[PDB]
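**Student:** Take a look at start_37.pdb, PDB, C-alpha atoms:
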```pdb
MODEL        1
ATOM      1  CA  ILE J 168       0.000   0.000   0.000
ATOM      2  CA  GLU J 169       1.572   3.239  -1.207
ATOM      3  CA  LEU J 170      -0.375   6.464  -0.754
ATOM      4  CA  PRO J 171       0.549  10.050  -1.787
ATOM      5  CA  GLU J 172       1.251  13.047   0.460
ATOM      6  CA  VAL J 173      -0.755  16.240   0.154
ATOM      7  CA  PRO J 174       1.284  19.196  -1.223
ATOM      8  CA  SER J 175       2.221  21.647   1.525
ATOM      9  CA  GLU J 176       1.614  24.883  -0.359
ATOM     10  CA  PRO J 177       1.775  28.434   1.146
ATOM     11  CA  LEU J 178      -1.960  29.037   0.790
ATOM     12  CA  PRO J 179      -4.073  30.978   3.339
TER      13      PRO J 179
ATOM     14  CA  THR F   3     -11.045  -0.399 -11.041
ATOM     15  CA  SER F   4     -10.616  -1.126  -7.340
ATOM     16  CA  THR F   5     -12.181   1.312  -4.890
ATOM     17  CA  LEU F   6      -8.812   2.098  -3.357
ATOM     18  CA  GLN F   7      -7.217   2.553  -6.769
ATOM     19  CA  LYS F   8      -9.877   5.120  -7.573
ATOM     20  CA  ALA F   9      -9.256   6.812  -4.233
ATOM     21  CA  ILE F  10      -5.573   7.227  -5.052
ATOM     22  CA  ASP F  11      -6.378   8.355  -8.575
ATOM     23  CA  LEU F  12      -8.732  11.074  -7.363
ATOM     24  CA  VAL F  13      -6.353  12.213  -4.641
ATOM     25  CA  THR F  14      -3.398  12.212  -7.030
ATOM     26  CA  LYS F  15      -5.173  14.605  -9.356
ATOM     27  CA  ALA F  16      -6.335  16.597  -6.344
ATOM     28  CA  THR F  17      -2.709  17.261  -5.448
ATOM     29  CA  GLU F  18      -1.918  18.332  -8.998
ATOM     30  CA  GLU F  19      -4.846  20.751  -8.906
ATOM     31  CA  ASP F  20      -3.730  22.146  -5.570
ATOM     32  CA  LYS F  21      -0.342  22.915  -7.100
ATOM     33  CA  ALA F  22      -2.036  24.504 -10.102
ATOM     34  CA  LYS F  23      -3.692  26.751  -7.537
ATOM     35  CA  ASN F  24      -7.005  24.985  -8.135
ATOM     36  CA  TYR F  25      -8.287  24.881  -4.564
ATOM     37  CA  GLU F  26     -11.828  24.417  -5.847
ATOM     38  CA  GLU F  27     -11.021  21.494  -8.119
ATOM     39  CA  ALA F  28      -8.534  20.093  -5.620
ATOM     40  CA  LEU F  29     -11.108  20.341  -2.848
ATOM     41  CA  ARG F  30     -13.695  18.427  -4.832
ATOM     42  CA  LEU F  31     -11.189  15.685  -5.608
ATOM     43  CA  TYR F  32      -9.977  15.595  -2.014
ATOM     44  CA  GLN F  33     -13.466  14.941  -0.689
ATOM     45  CA  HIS F  34     -14.060  12.312  -3.365
ATOM     46  CA  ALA F  35     -10.754  10.532  -2.784
ATOM     47  CA  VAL F  36     -11.510  10.287   0.928
ATOM     48  CA  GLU F  37     -14.925   8.833   0.182
ATOM     49  CA  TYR F  38     -13.413   5.999  -1.846
ATOM     50  CA  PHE F  39     -10.716   5.434   0.768
ATOM     51  CA  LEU F  40     -13.253   5.044   3.570
ATOM     52  CA  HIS F  41     -15.342   2.792   1.362
ATOM     53  CA  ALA F  42     -12.310   0.616   0.688
ATOM     54  CA  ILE F  43     -11.556  -0.099   4.327
ATOM     55  CA  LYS F  44     -15.241  -0.734   5.037
ATOM     56  CA  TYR F  45     -16.299  -2.544   1.889
ATOM     57  CA  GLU F  46     -12.838  -4.041   1.280
ATOM     58  CA  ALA F  47     -10.657  -6.104   3.610
ATOM     59  CA  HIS F  48      -7.095  -5.101   4.457
ATOM     60  CA  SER F  49      -4.463  -5.589   7.164
ATOM     61  CA  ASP F  50      -4.477  -3.358  10.235
ATOM     62  CA  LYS F  51      -1.461  -1.348   9.098
ATOM     63  CA  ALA F  52      -3.391  -0.806   5.883
ATOM     64  CA  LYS F  53      -6.507   0.548   7.612
ATOM     65  CA  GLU F  54      -4.409   2.793   9.830
ATOM     66  CA  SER F  55      -2.729   4.088   6.702
ATOM     67  CA  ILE F  56      -6.077   4.948   5.133
ATOM     68  CA  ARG F  57      -7.460   6.434   8.340
ATOM     69  CA  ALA F  58      -4.288   8.510   8.745
ATOM     70  CA  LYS F  59      -4.191   9.761   5.170
ATOM     71  CA  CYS F  60      -7.955  10.151   5.176
ATOM     72  CA  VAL F  61      -7.831  12.638   8.047
ATOM     73  CA  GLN F  62      -4.975  14.372   6.229
ATOM     74  CA  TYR F  63      -6.896  14.730   2.974
ATOM     75  CA  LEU F  64     -10.040  15.929   4.697
ATOM     76  CA  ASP F  65      -8.167  18.404   6.869
ATOM     77  CA  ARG F  66      -6.726  19.905   3.707
ATOM     78  CA  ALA F  67     -10.183  19.983   2.143
ATOM     79  CA  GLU F  68     -11.515  21.697   5.267
ATOM     80  CA  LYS F  69      -9.017  24.544   5.318
ATOM     81  CA  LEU F  70      -9.327  24.848   1.544
ATOM     82  CA  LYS F  71     -13.050  25.335   1.784
ATOM     83  CA  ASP F  72     -12.536  27.467   4.900
ATOM     84  CA  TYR F  73     -10.649  30.365   3.367
ATOM     85  CA  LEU F  74     -12.280  29.783  -0.007
ATOM     86  CA  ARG F  75     -15.695  30.463   1.485
TER      87      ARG F  75
ENDMDL
END
```
Can you dump the structure from the file as structure tokens?
**Tutor:**
Amino acid sequence: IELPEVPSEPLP
Amino acid sequence: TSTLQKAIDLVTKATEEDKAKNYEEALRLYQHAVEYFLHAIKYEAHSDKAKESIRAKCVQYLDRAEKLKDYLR
């Protein structure tokens, strides 16, 4: 099982 | 296509949209991905470590969707 990691963007 | 596979597919795109500054599109995909993930652990059988992985990522995806919809609104 290999899941992705949400992108840590500089959004509000 | 497996339920989990779909979950990953939807989330994968969601991340791409988030990068493209598509909070709206990303948010929609995030909520969808989570839905499939939860359905996989419930409707599909998997080891404990697997479930924990889904439950952990699930809360991560939703949290992102929450904040996204938070400032968006």
**Student:** Do you have the atom CA of residue 51 of chain F-atom CA of residue 3 of chain F distance handy?
**Tutor:**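 So the two atoms, atom CA of residue 51 of chain F and atom CA of residue 3 of chain F, lie 22.3 Å apart.
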**Student:** Can you give me, as a list in words, the residues this file yields under the ChimeraX specification (/J :<8) & /F?
**Tutor:** residues 10, 13, 14, 17, 20, 21, 52, 59, 62, 63, 66 and 73 of chain F
**Student:** Quick one: pull the distance between atom CA of residue 29 of chain F and atom CA of residue 44 of chain F, Å, one decimal.
**Tutor:**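 Interatomic distance, atom CA of residue 29 of chain F to atom CA of residue 44 of chain F: 22.9 Å.
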**Student:** Between atom CA of residue 49 of chain F and atom CA of residue 61 of chain F, what is the distance in Å, rounded to a tenth?
**Tutor:** 18.6 Å
**Student:** On this structure, the PyMOL selection byres ((chain F and resi 70) around 10) would catch which residues? List them as a ChimeraX atom specification, sorted by chain and number.
**Tutor:** /J:178-179 /F:20,24-26,28-29,32,64-69,71-75
